Number of protein chains: 2
Amino acid sequence: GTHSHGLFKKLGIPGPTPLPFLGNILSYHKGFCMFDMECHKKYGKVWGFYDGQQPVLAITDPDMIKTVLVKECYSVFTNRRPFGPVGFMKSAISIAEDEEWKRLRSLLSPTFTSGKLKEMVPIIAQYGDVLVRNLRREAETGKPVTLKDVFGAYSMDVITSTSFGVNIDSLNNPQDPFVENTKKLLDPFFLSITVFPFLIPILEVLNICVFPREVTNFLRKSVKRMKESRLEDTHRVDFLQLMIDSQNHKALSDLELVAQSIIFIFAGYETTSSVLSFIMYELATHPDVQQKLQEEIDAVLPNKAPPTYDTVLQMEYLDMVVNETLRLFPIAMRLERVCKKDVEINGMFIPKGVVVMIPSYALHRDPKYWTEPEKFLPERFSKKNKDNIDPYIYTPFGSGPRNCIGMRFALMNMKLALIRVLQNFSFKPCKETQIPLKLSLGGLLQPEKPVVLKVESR
Amino acid sequence: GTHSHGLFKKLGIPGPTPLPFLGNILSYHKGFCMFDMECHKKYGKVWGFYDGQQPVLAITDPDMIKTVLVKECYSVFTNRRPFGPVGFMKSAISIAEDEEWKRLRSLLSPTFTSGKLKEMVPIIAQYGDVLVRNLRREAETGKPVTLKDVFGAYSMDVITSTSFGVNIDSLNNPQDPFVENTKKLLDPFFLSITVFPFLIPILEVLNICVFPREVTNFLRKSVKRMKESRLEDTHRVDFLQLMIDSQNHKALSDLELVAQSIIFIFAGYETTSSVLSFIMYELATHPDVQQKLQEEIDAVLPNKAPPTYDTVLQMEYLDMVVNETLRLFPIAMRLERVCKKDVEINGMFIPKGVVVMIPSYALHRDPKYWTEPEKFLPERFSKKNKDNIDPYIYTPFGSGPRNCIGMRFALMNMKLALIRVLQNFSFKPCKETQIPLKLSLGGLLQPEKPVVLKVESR
Ligand code: HEM
Ligand code: HEM
């Protein structure tokens, strides 16, 4: 019941009073983000709460965040919180722990270099043209457009060609065997898990694998079909080939190959589609920002020139818009590390087993570091003001050795979509648009209502 | 079902074919020991089997046993197999893992030194006189005596005075609050656990603590009564004081104090009582050995002189009888270590998670190292033949940093009992005696029938 619920009281750490068994999970009715901002406002820099029987310690001090994410990563704070039923996804880089994660991290790090990203921008740019082609149709209909569907179709077209080389227009091909099996996904079982963590091993013995054995065998058989058709018949630049070439520490196995590719699919579809919808909402509700970005894009790229890797990294106002949107909407919301052993960081005793949490959403809106946090102001990230941003308060991609390994890929992917879309269209709020935007009440950072806007042709 | 049952087939390791879910647990119908000897005879030096879904690898090569128990103890083979419902006994030295065990081992190692054992032999010898006093009564009745009851009463009298200083004659005091609460213990739930390991965390949330909350609070309140009555009112030589003094790495906590004392109670009652019964069986069925031991005891100790610490370690034939009995009856039966990470020891790939097992019982009776293993021959351990015994085939107390920390205490305790008993009595087989002795069919090394013998007065 209250087995470990007296931990934070024994250490003198404040926090909301936990209920037996449940802990503080009932305080999630307002959302992960609202619960973090209220605890930050009512407890100061450090507080604690319980996800069931699991004690969670939240820290907001910049030096402690640097100590947890960077200084004591390999020694104390290496792994993340486990785990609903895992299956074979234990070999996933974002799920692996300790030395197995370090092996996968070092094996997949050369894949996400800027040199390998630069070789992927011709393929990613191809579907930017496909994106505006499906947007040209939905704009000429003369009625609001749900940005979740055109960005989700674009985000999948990028992740299928970059991870496997499969080149399909998803929006106009409702069912290419590959598209549908990738669409087979995916509350309130997640809160049941956090309050019944002892029932997780039972879902392993009942062979209740979280992923359908049909799609799993598909991707596993689709990959082995690709590995066999390419060895040898008879130069490719996808994530699969970059991992196949690395197989010739110890090399990755064939099942480990499937595990990482499933990660990138989950990593690209949810995030890039949601962040692009957040950006277009801010661009539509701030037409002055949208015009200045279009004026910059027209300058570096004359007469709608095709965006390239070097021309994307030259646009400063584009990078300022992406960073300011990621401040208001950090899709990860939280950063988490498990304390492997008893440690003393910056004057605090952190006992073993406690989950250290970085409230990234609450830090991005804390009035102590941000002037008028609720407003979309891209000028915070200009070269004049960029210096005075603490890189441990603003952590949209995390920090330390276990930060987002696909940060460069995600930034390049979203910018290539924003450029081609803004070169052809302008976006204004319609009457179905939710103004102001409300966040989802669930456990995902997504708009409560799908973003609908007007789309004109330039 | 057969999730990891194909592990030993992938590594080319022989072993009995496992059944789905059950594995090889049905082969335990003949006993842990018979199953190890059959697998040793039918597979050679190395084989594998499954306790449910848990793969177990047995090794019999001396160099590999030394590598697992000594060379790669801290690095690879540090912890033992876990764990039915634990409760607060996670702080037990024999259950603790990794650095927490090393902390408890170094904190309790100075307690089991020969200097501290030498200061305990006057108190242990007091109950040797109590042992012969209760044996003088049960011998004058002129009928067979169950050695389990007089040795169990003696073994408890030693463990209560050495661990807490409580001085009570257990046999004639049926219920001293302390005696009974120590007698509140304790199949087929153990095999249910090995086949349902996922149900162990459920016994933790149901507050089904394996130890009754009544006796547990008793010992916890009995210890705090002793710690408070001794601090200060107002020189003691028990295990509790040796651990109380060590509290003034990091010092042991009050709950950690109770955990280790519970270990010593379980460690002393079952073993010393059972081994003494095994010794007296061999002494009775080999009267030539019993006479030569009594002739040696009468030499060093004239006219039944009181045995002392120095006089015990002088008796060679007494040490030869104890060692030969521990060969035929190693009460631990098996030595186990968990492989923490992928390692390559002496030409073998040991994957992570595999339990490495040392069949101590089967090694002590292997005809390759022992001539006529089934016969009780103390001359194997004479100074002439003692050199040619491999210390990794004969491992009655284990080996390496995690061997039996109470080996010296157990050897001194049993010898002090054997001396005082053999100084006064002789032992012959009666008609109720099970000849030849059969081992228990269960999961404990104890006689199938309780050892009953004739007891005469000298
Ligand atoms: C807007 C897009 C994205 C954002 C904002 C984002 C953000 C994050 C954050 C905050 C973390 C956790 C960092 C930490 O715990 O310190 C993370 C982890 C990770 N991300 Fe991303 N991510 C994005 C897209 C992607 C993409 C497209 C990929 C791959 C194709 C990717 C791959 C990963 C991986 C593998 C990890 C775990 C790294 C590890 O455990 O070593 N992410 N991401
Ligand atoms: C005839 C009596 C005894 C025998 C044959 C015996 C044998 C053993 C064996 C074989 C092990 C495992 C070694 C390994 O895994 O390598 C062990 C462990 C242990 N024994 Fe004994 N034992 C006896 C009595 C005792 C007594 C009386 C005590 C304490 C009062 C004791 C305390 C321990 C402890 C604490 C461990 C675990 C050590 C650790 O995990 O670090 N034993 N014993």
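Residues numbered from 1 in each chain as written, not as in the entry; some residues may be left out. Chains lettered and ligands numbered in written order. Heavy atoms only, no water.

- Determination of this PDB entry was carried out by X-ray crystallography to a resolution of 2.250 Å, according to the record.

- The PDB entry annotates chain A as Cytochrome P450 3A4 originating from Homo sapiens.
- Among the UniProt annotations of chain A, the heading Cofactor holds the following wording: "heme".
- Per UniProt, the comment on chain A under Subunit is "Interacts with PGRMC1; the interaction requires PGRMC1 homodimerization." (UniProt positions renumbered as here; feature names shortened; annotations may be inferred.)

1. What to know about the overall build of chain A
Part 1 of the reasoning: Per the secondary structure count, chain A includes 18 helices and 9 strands.
Part 2 of the reasoning: Relative to its length of 458 residues, chain A is compact, with a C-alpha radius of gyration of 23 Å against a globular reference of 23 Å.
Part 3 of the reasoning: In terms of principal-axis extent, the alpha carbons of chain A reach across some 65 × 55 × 35 Å.
Part 4 of the reasoning: For chain A, the distance from the average site of its 57 positive side-chain charges to the average site of its 51 negative ones is 2 Å. (Helix = DSSP H or I, 4+ residues; strand = E, 2+ residues; numbered from the N terminus. Rg over C-alpha atoms; globule rule 2.2 N^0.38 Å. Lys, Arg positive; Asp, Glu negative; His and termini not counted. Charge placed at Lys NZ, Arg CZ, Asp CG, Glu CD.)

2. Points about the site of ligand 1
Residue and element names in this part refer to chain A.
Part 1 of the reasoning: Inspection of the region around ligand 1 gives 26 residues, with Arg 80, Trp 101, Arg 337, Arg 402 and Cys 404 positioned closest.
Part 2 of the reasoning: Interatomic distance of 3.0 Å between a side-chain N/O atom of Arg 402 and an oxygen atom of ligand 1.
Part 3 of the reasoning: Secondary structure elements with two or more residues in the shell around ligand 1: α4 (98–108), α13 (254–285), β4 (334–338) and α18 (407–424).
Part 4 of the reasoning: It is α13 that provides the largest number of residues to the shell around ligand 1, a total of 4 residues.
Part 5 of the reasoning: A breakdown of the residues in the shell around ligand 1 according to their chemical character gives 16 nonpolar, 6 polar and 4 charged. (Near = heavy atom within 4 Å. Polar contact = N/O pair within 3.5 Å; in protein donor to acceptor, adjacent residues only side chain to side chain. Nonpolar A, V, L, I, M, F, W, Y, C, P; charged D, E, K, R; others polar.)

3. Observations concerning the relation of the copies chain A and chain B
Part 1 of the reasoning: Rotating chain A by 180° and moving it 0.0 Å along the rotation axis overlays it on chain B with an RMSD of 0.0 Å. The relationship between the two copies is best expressed as a two-fold rotation axis.
Part 2 of the reasoning: Interface overlap between copies is the fraction of interface residues in one copy that are interface residues in the other; for chain A against chain B it reaches 100%, indicating a shared surface. (Least-squares fit on C-alpha atoms. Contact = heavy atoms within 4.5 Å.)

4. Some remarks on the site of ligand 2
Residues and elements named next belong to chain B.
Part 1 of the reasoning: Close contacts around ligand 2 come from 26 residues, with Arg 80, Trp 101, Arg 337, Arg 402 and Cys 404 the closest.
Part 2 of the reasoning: Between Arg 80 and ligand 2, the recorded distance is 2.7 Å, taken from a side-chain N or O atom to an oxygen atom.
Part 3 of the reasoning: Contact between ligand 2 and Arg 402: an oxygen atom at 3.0 Å from a side-chain N or O atom of the residue.
Part 4 of the reasoning: Residue assignment for the shell around ligand 2 shows that the elements contributing at least two residues are α4 (98–108), α13 (254–285), β4 (334–338) and α18 (407–424).
Part 5 of the reasoning: In terms of residue count, α13 provides more of the shell around ligand 2 than any other element does, 4 residues in total.
Part 6 of the reasoning: Residue composition of the shell around ligand 2, grouped by class: 16 nonpolar, 6 polar and 4 charged.

5. A closer look at the coordination of the iron atom of ligand 2
Part 1 of the reasoning: The sole protein-derived ligand of the iron atom of ligand 2 is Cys 404 of chain B (SG), positioned 2.4 Å away.
Part 2 of the reasoning: For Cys 404 of chain B, the location among the structural elements is in the loop between α17 (360–364) and α18. (Donors = N, O, S within 2.8 Å, 3.2 Å for Na, K, Ca; no water.)

6. Some thoughts on the sheet that holds strand β9 (residues 452–457) of chain B
The strands making up a sheet associate through backbone hydrogen bonding, with each pair oriented either parallel or antiparallel.
Residues and elements named next belong to chain B.
Part 1 of the reasoning: Here we have 3 strands laid out as an open sheet, ordered β3-β9-β8, and antiparallel in their pairing. The open sheet has two edge strands, β3 (145–146) and β8 (425–429), and neither has a second partner.
Part 2 of the reasoning: Here β3 pairs with β9 via 2 bridges, running antiparallel. Bridge pairing in β9 links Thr 146 to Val 452. (Pairing = 2+ DSSP bridges.)

7. Let's talk about the side chain of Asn 323 of chain A
Residue and element names in this part refer to chain A.
Part 1 of the reasoning: Take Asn 323: it is sitting in helix α16 (residues 316–328).
Part 2 of the reasoning: A residue is classified by how much of its surface remains accessible, and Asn 323, at 13% relative accessible area, is buried.
Part 3 of the reasoning: Leaving out residues up to four positions away in the same chain, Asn 323 has contacts with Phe 381 and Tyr 394. (Buried < 20%, exposed > 50% of the residue type's maximum accessible area, 1.4 Å probe, protein only.)

8. Some thoughts on the interface of chain A and chain B
Part 1 of the reasoning: At the interface, 7 residues of chain A touch 7 residues of chain B.
Part 2 of the reasoning: Here chain A is connected to chain B by 0 salt bridges.
Part 3 of the reasoning: Counting every contact that joins chain A to chain B gives 0 residue pairs in polar contact.
Part 4 of the reasoning: Looking at the side of chain A that touches chain B residue by residue, the class counts come to 5 nonpolar, no polar and 2 charged. (Salt bridge = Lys/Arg side-chain N within 4 Å of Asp/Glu carboxyl O.)

9. Some details on the packing of helix α6 (residues 121–140) of chain A against helix α7 (residues 147–163) of chain A
When two helices pack together, you describe them by how their axes are tilted relative to each other and by the distance separating the axes.
Residues and elements named next belong to chain A.
Part 1 of the reasoning: Between α6 and α7, whose axes approach to 10 Å, the crossing angle comes to 155°. Taken as axis vectors, α6 and α7 run roughly antiparallel relative to one another. α6 and α7 meet at a crossing whose hand is right-handed. Packed against α6, whose contacting residues are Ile 123, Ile 124, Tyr 127, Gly 128, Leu 131 and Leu 135, the element α7 presents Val 150, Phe 151, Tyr 154, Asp 157, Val 158, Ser 161 and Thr 162 at the interface.
Part 2 of the reasoning: Residues of the contact of α6 with α7, tallied by class, amount to 9 nonpolar, 3 polar and 1 charged. (Axes fitted to C-alpha atoms, helices over the stretch in contact; angles between N-to-C directions. Parallel < 35°, antiparallel > 145°, perpendicular 65-115°, else oblique. Left-handed = near helix turned anticlockwise from the far one by under 90°.)

10. Let's talk about the pairing of β4 of chain A
All names here are of chain A.
Part 1 of the reasoning: Across the 5 residues of β4, 5 count as buried, placing the element largely inside the fold.
Part 2 of the reasoning: The side-chain alternation of β4 yields two buried faces, one formed by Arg 334, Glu 336 and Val 338 and the other by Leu 335 and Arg 337.
Part 3 of the reasoning: Direction of pairing for β4 relative to strand β7 (residues 355–359): antiparallel, over a ladder of 5 bridges. Note on β7: the bridge partner recorded for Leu 335 is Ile 358.

11. Some points on the sheet that holds β4 of chain A
Residue and element names in this part refer to chain A.
Part 1 of the reasoning: Across the sheet, which stays open at both edges, the 4 strands sit in the order β1-β2-β7-β4 with mixed pairing between neighbours. In this open sheet, the two edge strands, each paired with only one partner strand, are β1 (46–51) and β4. The mean inter-strand angle of the sheet, taken between neighbouring strand axes irrespective of direction, is 30°.
Part 2 of the reasoning: Its contacts with the sheet place helix α2 (residues 32–43) against β1, β4 and β7, and it is angled at close to 140° to β1.

12. So, unusual backbone geometry
Negative phi characterises most residues that are not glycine, and trans characterises most peptide bonds.
Part 1 of the reasoning: Along the chain, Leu 185 of chain B connects to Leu 186 of chain B via a cis peptide bond; the corresponding omega equals -5°.
Part 2 of the reasoning: Secondary-structure assignment places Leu 186 of chain B in the loop between α8 (177–182) and α9 (189–195).
Part 3 of the reasoning: Across the junction of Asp 233 of chain B and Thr 234 of chain B, the peptide omega takes the value 0°, indicating a cis bond.
Part 4 of the reasoning: As for its placement among the helices and strands, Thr 234 of chain B is situated in the loop between α11 (213–229) and α12 (239–245).
Part 5 of the reasoning: Of note, the phi angle at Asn 346 of chain A is positive, near 55°, even though the residue is not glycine.
Part 6 of the reasoning: Secondary-structure assignment places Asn 346 of chain A in the loop between β5 (343–344) and β6 (349–350).
Part 7 of the reasoning: Owing to a relative accessible area of 47%, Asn 346 of chain A belongs among the partly exposed residues under this scheme.

13. Focus: the packing of aromatic side chains
Part 1 of the reasoning: For the coordinates displayed, the defined rule picks out 34 aromatic pairs over all chains.
Part 2 of the reasoning: With a centroid separation of 6.2 Å and 70° between ring planes, the pair formed by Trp 370 of chain A and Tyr 394 of chain A is classed as edge-to-face. Placement of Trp 370 of chain A in the loop between α17 (360–364) and α18 and of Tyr 394 of chain A in the loop between α17 and α18 is noted, with a sequence separation of 24 residues between them.
Part 3 of the reasoning: Residue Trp 370 of chain A is classed as buried on the basis of its relative accessible area of 5%.
Part 4 of the reasoning: Measuring from ring centre to ring centre gives 5.3 Å for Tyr 28 of chain B and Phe 35 of chain B, while their planes differ by 90°; the resulting arrangement is edge-to-face.
Part 5 of the reasoning: These aromatic residues form a ring-pair network of at least three members: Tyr 28, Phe 32, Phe 35 and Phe 49 of chain A.
Part 6 of the reasoning: It is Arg 365 of chain A that lies over the ring of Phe 329 of chain A; its NZ or CZ is 5.7 Å from the centre.
Part 7 of the reasoning: Across the ring face of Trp 370 of chain B, the terminal group of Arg 327 of chain B is positioned such that the distance to the ring centre comes to 5.3 Å. (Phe/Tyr/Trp six-rings, centres within 6.5 Å; stacked < 30°, edge-to-face > 60°. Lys NZ or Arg CZ within 6 Å of the ring centre and 35° of its normal.)

14. Considerations on the packing of α7 of chain A against α18 of chain A
Residues and elements named next belong to chain A.
Part 1 of the reasoning: Contact geometry of α7 with α18 gives a least axis separation of 11 Å together with a crossing angle of 130°. Our classification of the angle between α7 and α18 gives oblique. Considering the relative orientation of α7 and α18, their crossing is right-handed. Along the contact surface, α7 presents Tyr 154, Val 158 and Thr 162, while α18 presents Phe 409, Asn 413 and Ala 417.
Part 2 of the reasoning: Tallied by class, residues from the contact of α7 with α18 come to 4 nonpolar, 2 polar and no charged.

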